[PDB]
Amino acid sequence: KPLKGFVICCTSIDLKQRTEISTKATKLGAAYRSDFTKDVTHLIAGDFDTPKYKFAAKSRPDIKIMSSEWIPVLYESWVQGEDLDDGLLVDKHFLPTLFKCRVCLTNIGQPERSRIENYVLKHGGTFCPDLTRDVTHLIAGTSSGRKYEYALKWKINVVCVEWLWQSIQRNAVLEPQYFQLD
C-alpha cells in the first residue's frame, strides 16, 4: 500500500471526481475524510476560495495542498505496474501556489509592475493588465483611482503587495483581509 499513512480530504472537487479520487486513494492504501479532520495529511483542492482551503492555509501549514490530478496519475502508474518513486509523485502535483488567481495591479510603477507579472506567472496564476469582473485580487499601491473604485463595485479583493510575497512564500493563497490597505 503505497499511500499507507496518507489521509486525504477534498475541497472544490466535483462529486464524480471526488468518488474517483476517494476510491483510488483508498485502494492505494490511504484513508479518506469527508470532513477536514485533525489527521488529514493532504488536501486535494480545486479552488482556493473554500472554508477547507482557508483552514489549511491559516491553521495547518503542515498539510500538503494537491491538485486533482495527483491521485488519478499515481493510481494509473501503480496499476500499470510501474515502480513508484518514494515521493509518490507528490512533488509533481502540488497545487500551484496562485492557482485560479487572476491578479490585477494599480498605482504601482515600473519595473515593479513587470516584476509582479513575472512572479504571478511563475507561481501559477493569471496576470491581468486590465481589471475585469473575473479578477480575484487587485494589488493596489493606494486606495484610489479607477481600477480601485471598480474593484469595490465588483466585490474584488483589494490587497497590498505583501499578499503576493507571503502567498508565494507559503505556497498557498493567503486570505485578503490580512493584507488590507490602511
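Start at 1 with the first residue shown and count on from there.
- Query: Between 8-16 and 154-162, which has the larger average Cα B-factor in the PDB entry?
  - Reply: It is 8-16.
- Hey, which bit's got the bigger mean C-alpha B factor in the entry, 168-176 or 20-28? The stretch with the larger average C-alpha B-factor is 20-28.
- Message: According to the Cα B-factor stored in this entry, which of the following is highest: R60, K147, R133, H42?
- Response: Going by the entry's C-alpha B-factors, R60 comes out highest.
- Item | Top Cα B factor in the deposited entry, candidates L95, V79, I71, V90 | Largest recorded C-alpha B-factor: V79.
- Task: Quick one: classify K52 as lowest, middle or highest third of the chain based on its Cα B-factor.
- Result: Its C-alpha B-factor, which the entry lists for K52, ranks in the middle third among residues of this chain.
- Select lowest, middle or highest to describe the third in which the CA B-factor of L84 falls within its chain in this entry. For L84, the deposited C-alpha B-factor lands in the highest third.
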